[PDB]
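# Structural overview for review
So the chains spell out like this:
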Amino acid sequence: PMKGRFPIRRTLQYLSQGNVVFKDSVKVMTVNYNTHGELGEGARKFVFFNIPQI
Amino acid sequence: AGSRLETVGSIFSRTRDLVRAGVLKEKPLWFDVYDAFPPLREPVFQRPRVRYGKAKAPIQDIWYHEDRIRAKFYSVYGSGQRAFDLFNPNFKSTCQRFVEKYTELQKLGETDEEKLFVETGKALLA
Amino acid sequence: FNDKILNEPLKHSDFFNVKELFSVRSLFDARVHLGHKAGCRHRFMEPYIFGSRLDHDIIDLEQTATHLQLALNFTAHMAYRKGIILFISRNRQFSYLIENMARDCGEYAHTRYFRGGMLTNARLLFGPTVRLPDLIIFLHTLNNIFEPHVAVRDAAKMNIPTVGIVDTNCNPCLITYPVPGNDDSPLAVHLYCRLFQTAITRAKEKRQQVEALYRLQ
Amino acid sequence: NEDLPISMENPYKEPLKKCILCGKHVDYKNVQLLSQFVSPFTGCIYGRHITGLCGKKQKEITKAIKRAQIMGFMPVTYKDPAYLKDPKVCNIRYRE
Amino acid sequence: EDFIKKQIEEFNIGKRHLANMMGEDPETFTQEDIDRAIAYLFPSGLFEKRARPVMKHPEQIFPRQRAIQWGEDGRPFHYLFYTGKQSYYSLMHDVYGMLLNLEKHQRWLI
Amino acid sequence: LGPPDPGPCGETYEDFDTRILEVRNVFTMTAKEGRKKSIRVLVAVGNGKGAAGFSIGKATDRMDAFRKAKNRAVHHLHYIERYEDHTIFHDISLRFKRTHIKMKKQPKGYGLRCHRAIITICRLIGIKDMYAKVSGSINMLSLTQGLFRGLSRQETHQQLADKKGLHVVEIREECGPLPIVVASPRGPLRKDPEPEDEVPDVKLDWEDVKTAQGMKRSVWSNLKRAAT
Amino acid sequence: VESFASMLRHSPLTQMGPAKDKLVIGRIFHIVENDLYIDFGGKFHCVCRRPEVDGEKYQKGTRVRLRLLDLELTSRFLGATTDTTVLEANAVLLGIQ
Ligand SMILES: [Zn+2]
Ligand SMILES: [Zn+2]
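Residues numbered from 1 in each chain as written, not as in the entry; some residues may be left out. Chains lettered and ligands numbered in written order. Part of a larger assembly, values for the part shown. Heavy atoms only, no water. Residues with missing side-chain atoms left out of burial classes, pairs and counts.

The deposited coordinates derive from cryo-EM, with the record listing a resolution of 3.9 Å.

Encoded structure:
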């Protein structure tokens, strides 16, 4: 099987299951967060799972 | 004549499915008895593993309030000062009599350990 | 033609007054809760064992009494249906007592050297149409050598409701109705034997009474 | 209810035993103690199985013995005859 | 077990025949008459104590097959059947009990 | 071949059907007899409806070994909890010693895409069609043992519902959105829903992704197979 | 009706406390040609041969004294997942009463 942790993160189908489609305006998408800081669970989960979809 | 699958699981479900499919034409007489009063744990086969890593057992050492008293008694004085019987229930030997006199004095005294121990010793000598 | 035998006994809990045959105080008087050391203790025997007294395991008498009630009710219901019981023992500590008890009881026993598979190949070794043992009661699950007896293996291969007093070495998971508790003291063995004898006798008496009641028709 | 086990510090147990020199401070000048662990036939240092010392204590004892042998505070190939009055410390197998 | 009874009946019929037909009219003729008959009207021309014509009680010559210890419904009558050789184990248990009792109080065959 | 023989008192085992699987001629030298022409066989007997089971019977003969294996199988009848005789409960991803088993739940009329030995085993058990990727080495004995172990270790629907409590919700594509419960608890009912934690940790296989995305390509991908 | 722990809190094996160097009485239930199946109520039992004093007197149903030297007597060895248990005590003897 896949040699990763969360294989569902990269399966095409899971990526196509998205919905958000940025309009023809935004040019750059910068993101930054602290991983050791557990307070930022939302940003961590986002950068981990939704970045492939975006 | 039947099956002899032992390293599979429980014999209850085995007999159940054998009677359902039609293998065991004659229903075993003990089926109803086992169904009326089942055990607390189904006899399922379990390979005898070993505690390798940090796995420990849930059993611990039992202790009572009289354990420390008896330890102090054995430390102060010598061994038992009476031919213990242990044949009749709740036998009253020298150590047991001392523990009883202590529990009568401590607890139910609220003072100190040395004074009450000396009092119990004097009572025993009496 | 008597279908009431499959409904009358299996209806009320402790039909033959199972809980009254023994007593919690009578069982504690034998110090059955005692056990071997933690090292000798088995892994699967941990849930049934309570604590330890300076590396001396103690077994909660409540679970043992419940298992004993269950096993006694099972044996009584089996005797009500006329069945064979097989006693096993090899420690050679109370073989004479177990033999005398088997003589007193209306069943058979075998507490001697068990040859290589006498129940598995009973077709050729024993007679072709032999009433195989419908129940097993272990008096000393641990034989002379630190090795689990083959009786449990033959039972699992023959599907027989196994009974016995499991110690802190065997695998209760392999036995159907295990009974944790001591298996070395003399008073405990005597009490267990007397309880089994009384249970068998009372079950036979109740069976005879129910047969007479049926015949009253 | 009032008879459940308690989380005590394991009573009925005696503290661990000690060697013949635990709560002490060895010194390279104590020729008597240094030679006590030496045979008067070949100057061999008794081992741990018979002597019964700990790792650190035995290491320090043998280091002091070696220092005394090198510097010149103890005979190497034999035991100091001027300090023979020593009780039976080690279990001298020879001579019974 | 039925074979044993059949052979016993056959031997009885043969004895009755050898008694009535032959001159030896008394049915109580011992084995000496049979031996004389074998020596005379049966010159085996051999010397084997086994192959020679030996027609006597079948139980004395046959390895009797133990009958069914139990009739119908199973349930062996003996309380020591699963121990193999019930007689030997019963004798051993009796000897052990006798020894225990006598302790509490305080050539062979082939 | 013919069915197994009955028992002494009865037990009409003629209903079951025998099916020899493999044959092997073993040559083992001895002290004087030389290379012993020993034969080892693994036969599987069983008509269906869950009643089945494998066995082994090695000997220096043919019919004797066959009947010995048949008797052993008769004395070793395995049962497999099934749900609607057509497909297995759920998929299994086992690793028996050195034989991998990657099964996939498929509907009726799909076809038997598995080892011929596995095809015969399913025909004897009752399963009609079910996909299975015979990964790893191809060891008949070990593969069959692993398949039997997997079939014996399966979580049914009724037992799972009784343990957890929640009902079996499903949205079949063949039928309409109307959900039909397959199993219900035997007493209680967990009023609270399952912890719907998205992006779970389900270690799926790369073959699943290759089949879903159609990326798999070879000279023997999904070609037409024989009939029957 | 007393609970299970209530009886264990006031039992002989628990009331005596430890098990090392004690004065306890015993009794015999079976006599051997030389050994003596001494008993004192508990888990296992003990054995001993005919001593000097009261040699021929220690018959079936007599009374003896024990010292309690590990009721179980068990030790773990190197090449053995299980500990080599003895299931006996064999404590030191003294006399009658
Ligand atoms: Zn044990
Ligand atoms: Zn040291």
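Past the structure itself, the notes keep going.
Around a metal, the perfect tetrahedron of four donors has angles of 109.5 degrees, and the perfect octahedron of six donors has angles of 90 or 180 degrees. All names here are of chain D. In the first shell of the zinc ion (ligand 2), the protein supplies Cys54 (O), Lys57 (N) and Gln58 (N), at 2.0 to 2.4 Å from the metal. All donors of the zinc ion (ligand 2) come from a single chain, and their spacing in sequence reads C-x2-K-Q. The residues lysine 57 and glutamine 58 share a single accessibility class, namely buried. (Donors = N, O, S within 2.8 Å, 3.2 Å for Na, K, Ca; no water. Buried < 20%, exposed > 50% of the residue type's maximum accessible area, 1.4 Å probe, protein only.)

Attention now goes to the sheet that holds strand β3 (residues 85-88) of chain C. Residues and elements named next belong to chain C. Pairing within the open sheet is parallel, and its four strands lie in the order β3-β4-β5-β6. Since the sheet does not close on itself, it has two edges, and those belong to β3 and β6 (177-178), each with one partner. Summarising the sheet, β3 and strand β4 (residues 135-138) pair through four bridges and their orientation is parallel. Note on β4: the bridge partner recorded for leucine 86 is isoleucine 136. (Pairing = 2+ DSSP bridges. Helix = DSSP H or I, 4+ residues; strand = E, 2+ residues; numbered from the N terminus.)

Our next topic: a positive patch on the surface. All names here are of chain D. A contiguous patch of positive charge, built from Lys29, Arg48, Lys56, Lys59, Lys63 and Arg67, is present on the exposed surface. Top contributing element to the positive patch by residue count: helix α3 (residues 55-71), with four residues. The residue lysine 29 is located in the segment before α1 (31-36) in this model. (Patch = residues over 30% accessible without salt bridge, like charges linked within 9 Å, V, L, I, M, F, W, Y side chains within 5 Å. Areas by Shrake-Rupley, 256 points an atom, 1.4 Å probe, with all protein chains shown as cover. Salt bridge = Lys/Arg side-chain N within 4 Å of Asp/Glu carboxyl O. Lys, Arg positive; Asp, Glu negative; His and termini not counted. Charge placed at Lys NZ, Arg CZ, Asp CG, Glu CD.)

Of the consecutive residues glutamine 106 of chain B and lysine 107 of chain B, the connecting peptide bond is found in the cis state with omega at 5°. Positive phi is not limited to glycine here, since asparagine 90 of chain B has a value of about 40°. The residue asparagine 90 of chain B is located in the loop between α3 (65-76) and α4 (94-105) in this model. Of the residues examined, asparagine 90 of chain B reaches a relative accessible area of 39% and is grouped as partly exposed. Not every positive phi belongs to a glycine, and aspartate 55 of chain C is a case in point at roughly 70°. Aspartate 55 of chain C gets classed as partly exposed once you look at its relative accessible area, which sits at 39%.

On the chain C side, the residues contacting the 39 residues of chain B number 41 residues. At the boundary of chain B with chain C, total buried surface from both sides reaches about 3600 Å², with 62% on carbon and sulfur atoms. Among the residues of chain B in contact with chain C, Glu6, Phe37 and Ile59 of chain B are the three that bury the most area, contributing 20% of the side total. Among the ionic pairs, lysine 157 of chain C bridges to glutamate 6 of chain B, the shortest N-O distance being 3.3 Å. Those elements that provide at least two residues to the side of chain B that touches chain C are α1 (11-21), α2 (30-36) and α3 of chain B. Residue composition of the side of chain B that touches chain C, by class: 24 nonpolar, four polar and 11 charged. (Contact = heavy atoms within 4.5 Å. Buried area = accessible area lost by both parts, 1.4 Å probe. Nonpolar A, V, L, I, M, F, W, Y, C, P; charged D, E, K, R; others polar.)

On to the coordination of the zinc ion (ligand 1). For the zinc ion (ligand 1), the full set of protein donor atoms is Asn169 of chain C (N) and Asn169 of chain C (OD1), and the range of their distances to it is 2.5 to 2.6 Å. By secondary structure assignment, the location of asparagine 169 of chain C is in the loop between β5 (162-164) and β6.

A separate point is the pattern of salt bridges. Counted according to the given criterion, the structure contains 28 salt bridges over all chains. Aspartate 73 of chain E is paired through a salt bridge with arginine 131 of chain C; the nearest N and O atoms lie 2.9 Å apart. Of this pair, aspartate 73 of chain E sits in the loop between α3 (58-61) and α4 (86-105) while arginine 131 of chain C sits in the loop between α4 (95-104) and β4, on two different chains. The exposure class assigned to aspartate 73 of chain E is exposed, which follows from its relative accessible area of 53%. Close ionic contact of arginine 19 of chain F with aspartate 17 of chain F constitutes a salt bridge, the shortest N to O distance being 3.9 Å. We classify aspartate 17 of chain F as partly exposed; its relative accessible area is 32%. Via salt bridges that share partners, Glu38, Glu41 and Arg44 of chain A belong to a single interconnected network.

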